[PDB]
Amino acid sequence: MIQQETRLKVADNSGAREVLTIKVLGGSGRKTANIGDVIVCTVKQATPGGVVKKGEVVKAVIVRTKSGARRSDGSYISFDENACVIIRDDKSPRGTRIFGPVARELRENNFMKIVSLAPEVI
Amino acid sequence: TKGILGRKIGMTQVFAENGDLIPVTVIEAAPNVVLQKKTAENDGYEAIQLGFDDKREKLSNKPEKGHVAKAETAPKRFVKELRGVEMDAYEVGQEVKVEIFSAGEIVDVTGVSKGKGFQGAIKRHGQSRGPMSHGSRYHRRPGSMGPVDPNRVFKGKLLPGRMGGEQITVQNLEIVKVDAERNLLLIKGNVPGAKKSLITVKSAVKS
Amino acid sequence: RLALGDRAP
Amino acid sequence: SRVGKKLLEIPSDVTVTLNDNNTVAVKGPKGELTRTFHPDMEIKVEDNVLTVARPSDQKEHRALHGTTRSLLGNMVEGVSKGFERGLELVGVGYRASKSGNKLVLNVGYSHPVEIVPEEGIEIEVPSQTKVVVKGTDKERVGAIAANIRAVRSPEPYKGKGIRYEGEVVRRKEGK
Amino acid sequence: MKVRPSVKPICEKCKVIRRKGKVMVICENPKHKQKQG
RNA sequence: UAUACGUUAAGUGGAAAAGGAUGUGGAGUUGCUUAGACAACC
RNA sequence: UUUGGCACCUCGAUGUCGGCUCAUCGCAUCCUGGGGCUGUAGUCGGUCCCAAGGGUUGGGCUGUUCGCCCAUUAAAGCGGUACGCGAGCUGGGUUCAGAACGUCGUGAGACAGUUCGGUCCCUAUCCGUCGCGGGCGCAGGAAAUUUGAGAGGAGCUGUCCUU
RNA sequence: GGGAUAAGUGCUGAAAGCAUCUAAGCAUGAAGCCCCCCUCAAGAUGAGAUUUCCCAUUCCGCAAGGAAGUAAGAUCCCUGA
Ligand SMILES: [K+]
Ligand SMILES: [K+]
Ligand SMILES: [K+]
Ligand SMILES: [K+]
Ligand SMILES: [K+]
Ligand SMILES: [K+]
Ligand SMILES: [Mg+2]
Ligand SMILES: [Mg+2]
Ligand SMILES: [Mg+2]
Ligand SMILES: [Mg+2]
Ligand SMILES: [Mg+2]
Ligand SMILES: [Mg+2]
Ligand SMILES: [Mg+2]
Ligand SMILES: [Mg+2]
Ligand SMILES: [Mg+2]
Ligand SMILES: [Mg+2]
Ligand SMILES: [Mg+2]
Ligand SMILES: [Mg+2]
Ligand SMILES: [Mg+2]
Ligand SMILES: [Mg+2]
Ligand SMILES: [Mg+2]
Ligand SMILES: [Mg+2]
Ligand SMILES: [Mg+2]
Ligand SMILES: [Zn+2]
């Protein structure tokens, strides 16, 4: 459950360390985004020398959340943190590496490059 | 149209064959009995009157006993009509059983919503609170009653009052399982009302 | 209780 | 009305039955056509010559007079010769086809469009790209012809679509 | 359609007619279609 | 629910202007027309 | 709906900006539905007609209305209702007494100039609104099941795939 | 999904030999209108309908009315949700 002002760790090597959520995308009054949803966000903390710089507005896909996600079989997945991956408009990650486990839900939304790069998909 | 009366037992869940976990409501509907057929000639409209749930003799009265004589049945606790049914398909005294339905069939379920007693505008109409700080003395109140010009409040200014206890229909629920021996329908999802409350299960009107 | 009153200056 | 004053020749096999409220049934080789006319309009058949007599000279009657001749004139021509409007499909892959009673147009949509002609009207599909509505009632032939043209009416850039036979399309230029 | 208070012939092929109590112009040139309103 | 003769078809009557119009009633002037007009159709 | 003109109600008081809460109405329509014309190839548009059913975002700055900006959205409509709604809330501003700046004034002081601070009362009688009972009626007294005159509710819309 | 319509599109068609969606006649056509869907609803005094139950008591009265004890049935009171 990510909303305007939620800060997320960035689970990639794009240069951004922390982003602030500017907007949940996909409809007028949409309050909240979950795993596999895209957000507009500003980079609040960056790694020095990275591609993505502090202050850039960027799109990111959420790949883990504390709220987590329910599956049709009645099972759930939750993580210890909220994290996203900066993306281009075609869903490809701007970085080359993904850190930490991502949720299976990203396959469903056709974030395949992310799912392939992730060390674990739970 | 087809339909039956039962009691809401409660909720549980069932694994589907694909492994999906389906929440279900258990309705126990012992065989309903057709107590009366209303006809266009006599009554001005076609319907059957279903009785459900045998009542002790002490709890019956002579007018009730007489009304269920033609159907040759014990006095019934709940009596409802079904319109839209096939009149020729039913006879007075006929038992209507849960196996009229089958798994996968889409139904509408009707019952009385649980009672909540006297409730305010926040709970009853989903209104916003005023601020909780910044000097507010406006928390759970119902908002302006309206403009000055009419010198009166228009009808349908929503206010506190008794909430719940209303007839509610939920449309397009799926029968998950029919257990003919135990007289159970298992219906996907949740339906109006308290446990033990009378539920009417009908074939869906938008089918 | 107002500072000025109704239809203040 | 000049039109109302004009008499009309009835062929021998065109019976002209009358009834209450000047209701003229017209039998012939093709079929039967009934039409209730306006009460005041006067009508008479002598020596196989139907003539529409104008009762008054009010503009209301000046209108109904010419109309009543025209309709009877069409009712006669209907049962004798019959009417038919022609329709021409124009455009790549636009094709009509009869399918029992129904016309079936394939005119560039993602579904085929079907027209069921009512009792009396009949539709012929000589070419793949040509339709003909045949019938006795000139009104009712025109109606179905228009209903068919309405499916995909002639657009102005390349003239594509269902047109009437010998229809002038205002042809605009694209670029 | 031009909906305007002044319906007039724009060209020589324009016909002024009257339908359902409304003054209209009809023309081969569809730009010249006018209804009074 | 008068009488007589007219007008209106807009519920005009029962709120509005420049202006626009083959609405309809009454007058009147005038071009052309059985040496055949006007419309249609070589 | 503006700024005004007039000074007709109210000075033995008709609380006064903005916001909040709650709406409701108009249509001169912002979106969605239906169309005509196009200097409409297509995709987009422009312009006019019908249409008020429903819908019509969250932030930065400012007391602000407004506006500009960020990011969205199908869209981010315009207006009315005592500039809708303070016996419903707020009290930033405006609008008392303190103090100060610039300025004007010999001065006391003054300024829709600014600045920091500055008491928001009321147990609802009547109508009205939302709920809930009692009474009698409905040509006998009862227990159930009902018809529906009539009333309310709902009414939004995106994207992708396919063709 | 029906029904009827708005703008719009017409068909047939004269007034006005032609033309003309209109005057007679016949269509089509909107998230809109009336339905369809959900809820309340006979104090709808216009008080509706159906099924079933009780049964024509006693005493006052010239009757008109009145009183009493009851039937079917309900309630007081009580255990509660
Ligand atoms: K009037
Ligand atoms: K005053
Ligand atoms: K106050
Ligand atoms: K007041
Ligand atoms: K009062
Ligand atoms: K009643
Ligand atoms: Mg809120
Ligand atoms: Mg408080
Ligand atoms: Mg009043
Ligand atoms: Mg002009
Ligand atoms: Mg009027
Ligand atoms: Mg004066
Ligand atoms: Mg006073
Ligand atoms: Mg309008
Ligand atoms: Mg003002
Ligand atoms: Mg105000
Ligand atoms: Mg007030
Ligand atoms: Mg203040
Ligand atoms: Mg000085
Ligand atoms: Mg001042
Ligand atoms: Mg100054
Ligand atoms: Mg009704
Ligand atoms: Mg009754
Ligand atoms: Zn023209």
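Residue numbers start from 1 in every chain, and the chains themselves are labelled A, B, ... in the order their sequence lines are given, proteins ahead of strands. When reading the values below, keep in mind they use all heavy atoms of this one structure, side chains included, and skip hydrogens, waters and symmetry mates.
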Using a 4.0 Å heavy-atom cut-off across all strands, classify [X] as base, sugar-phosphate, or nothing.
{"X": "B/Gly44", "answer": "nothing"}
{"X": "C/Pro9", "answer": "base"}
{"X": "D/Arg140", "answer": "nothing"}
{"X": "E/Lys8", "answer": "sugar-phosphate"}
{"X": "B/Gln49", "answer": "sugar-phosphate"}
{"X": "E/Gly37", "answer": "nothing"}
{"X": "B/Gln167", "answer": "sugar-phosphate"}
{"X": "D/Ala143", "answer": "sugar-phosphate"}
{"X": "D/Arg85", "answer": "sugar-phosphate"}
{"X": "E/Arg4", "answer": "nothing"}
{"X": "B/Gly156", "answer": "sugar-phosphate"}
{"X": "B/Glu166", "answer": "nothing"}
{"X": "D/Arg2", "answer": "base"}
{"X": "B/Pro142", "answer": "sugar-phosphate"}

What distance, rounded to whole Å, do you find between the two [atom1] atoms, one in [N] and one in [M]?
{"N": "H/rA44", "M": "G/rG152", "atom1": "P", "answer": "15 Å"}
{"N": "G/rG58", "M": "G/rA23", "atom1": "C1'", "answer": "22 Å"}
{"N": "H/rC11", "M": "G/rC31", "atom1": "P", "answer": "33 Å"}
{"N": "H/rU52", "M": "H/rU45", "atom1": "P", "answer": "29 Å"}

Applied to residues 141-152 of chain D, the side chain to side chain donor-acceptor pair (under 3.5 Å) test, sequence neighbours excluded, yields D/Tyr94-D/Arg152, D/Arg149-D/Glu167
For [N] and [M], do both pairing distances fall under 3.5 Å in a Watson-Crick or G-U wobble arrangement?
{"N": "G/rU146", "M": "H/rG48", "result": "yes"}
{"N": "H/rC40", "M": "G/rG150", "result": "yes"}
{"N": "G/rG141", "M": "H/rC53", "result": "yes"}
{"N": "G/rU32", "M": "G/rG53", "result": "yes"}
{"N": "G/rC89", "M": "G/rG98", "result": "no"}
{"N": "G/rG77", "M": "G/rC27", "result": "yes"}
{"N": "H/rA49", "M": "G/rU145", "result": "yes"}
{"N": "G/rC83", "M": "G/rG107", "result": "no"}
{"N": "G/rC101", "M": "G/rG134", "result": "no"}
{"N": "G/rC127", "M": "G/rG91", "result": "no"}

Could you state the CD-P distance from B/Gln36 to G/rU146, rounded to the nearest angstrom?
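Rounding to the nearest Å, CD of B/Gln36 and P of G/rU146 are 10 Å apart.
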For D/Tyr109, the ring pair (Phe, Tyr, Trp, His ring centres under 6.0 Å) test, sequence neighbours excluded, returns D/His111
Nucleic acid contacts - [range] versus RNA chain H, non-hydrogen atoms under 4.0 Å:
{"range": "residues 56-74 of chain D", "result": "D/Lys59, D/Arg62, D/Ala63, D/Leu64, D/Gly66, D/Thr67, D/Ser70, D/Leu71, D/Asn74"}
{"range": "residues 115-123 of chain D", "result": "none"}
{"range": "residues 55-78 of chain B", "result": "B/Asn61, B/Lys62, B/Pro63, B/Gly66, B/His67, B/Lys70"}

Sequence neighbours excluded, the answer for side-chain contact (heavy atoms from CB on, under 4.5 Å) partners of E/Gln34 is E/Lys2, E/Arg4, E/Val7, E/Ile10, E/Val25
In Watson-Crick or G-U wobble terms, with both distances under 3.5 Å, the base opposite G/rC138 is none
Any strand, both distances under 3.5 Å, Watson-Crick or G-U wobble: H/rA67 pairs with H/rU58
Worksheet item: Which nucleotide of RNA chain H is the first, and which the last, in the 5' to 3' direction, to come under 4.0 Å of a heavy atom belonging to chain B?
Response: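 Nucleotide range with atoms under 4.0 Å of chain B: H/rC37 to H/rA74.
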Heavy-atom contacts, protein to nucleotides 74-88 of chain G, under 4.0 Å, summarised as B (base), S (sugar-phosphate only) or - (none) per nt, yield -BB----BB-BB--B
Expected string for nucleotides 34-47 of chain G under the B/S/- scheme (protein heavy atoms, under 4.0 Å, primed atoms plus P, OP1, OP2 as sugar-phosphate) is --BSSBBB------
Residues 45-83 of chain B vs ring-ring contact (aromatic ring centres under 6.0 Å, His included), sequence neighbours excluded, gives B/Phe52-B/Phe78
Could you pull out every donor-acceptor pair under 3.5 Å between side chains of residues 108-120 of chain B and any protein atom, sequence neighbours left out?
from, atom 1, to, atom 2, distance (Å)
B/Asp108, OD1, B/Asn172, N, 3.2
B/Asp108, OD2, B/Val205, N, 3.3
B/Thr110, OG1, B/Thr169, OG1, 2.8
B/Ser113, OG, B/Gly165, N, 3.1
B/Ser113, OG, B/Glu166, N, 3.1
B/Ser113, OG, B/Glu166, O, 3.3
B/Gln119, NE2, B/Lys116, O, 2.8

Quiz item: Which of these nucleotides, G/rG59, G/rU72, G/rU129, is closest to any side-chain atom of A/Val40?
Solution: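 Comparing G/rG59, G/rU72, G/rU129 against the side chain of A/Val40, the answer is G/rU72.
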Requested in this report: Please check the phosphate of G/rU95 (OP1 and OP2 only) for any side-chain N or O of C/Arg7 closer than 4.0 Å.
Outcome: no
Salt bridge (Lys or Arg N to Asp or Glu O under 4.0 Å) pairs touching residues 36-60 of chain B, sequence neighbours excluded, are B/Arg7-B/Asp53, B/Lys38-B/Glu81, B/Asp53-B/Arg77, B/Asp54-B/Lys76, B/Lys55-B/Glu64, B/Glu57-B/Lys65
